[PDB]
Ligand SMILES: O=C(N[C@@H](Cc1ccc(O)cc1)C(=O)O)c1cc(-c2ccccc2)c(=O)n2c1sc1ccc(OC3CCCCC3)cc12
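Have a look below at one chain only, the form solved without the ligand, in structure tokens format.
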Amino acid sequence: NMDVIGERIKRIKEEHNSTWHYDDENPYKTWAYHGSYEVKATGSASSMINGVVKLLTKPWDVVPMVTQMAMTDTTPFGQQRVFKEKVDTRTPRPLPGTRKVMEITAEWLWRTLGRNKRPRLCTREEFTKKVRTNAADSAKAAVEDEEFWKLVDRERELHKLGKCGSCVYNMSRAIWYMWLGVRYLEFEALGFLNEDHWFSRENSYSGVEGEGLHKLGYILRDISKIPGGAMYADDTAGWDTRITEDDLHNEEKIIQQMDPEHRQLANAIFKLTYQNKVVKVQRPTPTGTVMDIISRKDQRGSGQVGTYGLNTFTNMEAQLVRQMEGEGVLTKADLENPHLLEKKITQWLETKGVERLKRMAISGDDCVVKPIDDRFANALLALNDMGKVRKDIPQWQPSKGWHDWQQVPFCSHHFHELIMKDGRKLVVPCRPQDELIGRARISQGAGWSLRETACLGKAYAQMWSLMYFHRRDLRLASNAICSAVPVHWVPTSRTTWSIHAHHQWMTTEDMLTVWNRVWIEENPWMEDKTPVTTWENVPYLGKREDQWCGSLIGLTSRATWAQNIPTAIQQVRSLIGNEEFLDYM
């Protein structure tokens, strides 16, 4: 194993020769520990509060879920405890028959995904445009520096020789150039999966990449029209820690479809930074803070370019295998059998495979499956054996599914069908309101002026008018924030990092205009393109559903808040100063 990771460790070792030591009190049990050196502690024990949102959401100052979100520890203490709880595990190797089925499904799935698309290398100018159309960070400074690209070419030459000198996963401008350089190289070799939308619904059948939150509900509603059993949405306990060496080897079959110059670089990414990895993690000691240098041959690194796509691929594969088990194609004896018959797996994939993928909505580790019948609830042999053990349920307890798509959890949301005053139906996204308010009340980082804080508040208020308008409290709060923040101020920073976020709320354009564009114009499931001219024609959940999902409607504190909200608006206005403001109440 030292033949792949050696050069990276030797460099860190040499660079930190003053403080390099082998700490014998290290907590690594499944990760290989190479040594430590001294660092300055990074992180915060709590999270910075957005005072603009907090002032306009008074009834939530006392809500437990709202307070909990305002915490979250990124210090070496918090960092060590998250590592201990999840990341320091070992997944038992899947049985020989399970490995055989997985391998056959992986080959077939890769041929299907690349039936119209051809893999290709991504470029410096693509990476440059992405960094630029995100920054408006020291990443835009690096991208503009020629010496950064020279380090990239040096590293790539080592990768062409099957060597790695500086691609280290992190749990001076030199270390940062090595980090951004590692991400460019990964973007170069595997970025095509994201950039050329290999996991779009049209290309993957089960995928939902590029759809966006406002469309996931409609996709769930279309899956419900297919004959079969209930809709299952089982959560995996730490999906990324459950990615095995057999998973990684199946994921790399994609290199067979690549041009030779591309294959070489993708192989270097797999073999050197996925199937082997050098990791840096901060640890508090009595003497101070240290950086630990660890390594391992499996698991997925969350902060990686290929993570979403390769997780979507492996989950699509794992769910097809569970469907085969559910249908009787895969038995307990088959899973234990190394000399298992490939023919029936092939026959099922070639005759039923695409139809079976159409029954699913898969986004990373997130899945919804509508099997042909309910035998699927008890088809747990392959799932547990593959290592995709379900979260908070005994291993052999049958899965509980839903006979109503509106009750199905997917991507931290559930989805409602609303009837508009004009008779038209909308499918809207919903999540517990405490999470939405809790998230909006968090400002990202320290040393942020009122302008930047208010603008982030406007971005959250505008995300709510576009996605969560059907929530009474959120439409009021959103109007209140847009009344307190100057009209010509542009929403800054991001409200979310989700791949399902398209950020149409990042504008000074009228929100009712953006609403019509998303929900009417661009909406393929809205046949009648008649615009909605007033927000009074933009619907709400029924009071009871609103209450079921976290609303404070019907509470005295909420009535007191709604009554006194112009007073709070004026206090934010008077503190921001003399600018142009608009009354939305």
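Numbers follow the displayed sequence, beginning with 1.
This protein has a second form, the form deposited with the ligand bound, left out of what is shown; the following refers to that one.
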*Work out which of the listed stretches, 451-459, 96-104, 303-311, 327-335, brings a heavy atom within 4.5 angstroms of the ligand in the entry with it bound.*
303-311
_I'd like to know whether residue 83 contacts the ligand in the entry with it bound, with contact meaning heavy atoms within 4.5 angstroms._
no
*Is residue 203 one of the residues lying within 4.5 Å of the ligand in the entry with it bound, judged by heavy atom distances?*
no
*Examine residue 396 and determine whether its closest non-hydrogen atom to the ligand in the entry with it bound is within 4.5 angstroms.*
no
*Though only this chain appears here, would residue 194 touch the ligand in the entry with it bound if you measure heavy atom gaps against 4.5 Å?*
yes
*Consider the chain as shown here, without its partner, and state which of 179, 77, 239, 148 has a heavy atom within 4.5 Å of the ligand in the entry with it bound.*
179
*Residues in 486-504 with any heavy atom within 4.5 Å of the ligand in the entry with it bound*: 497
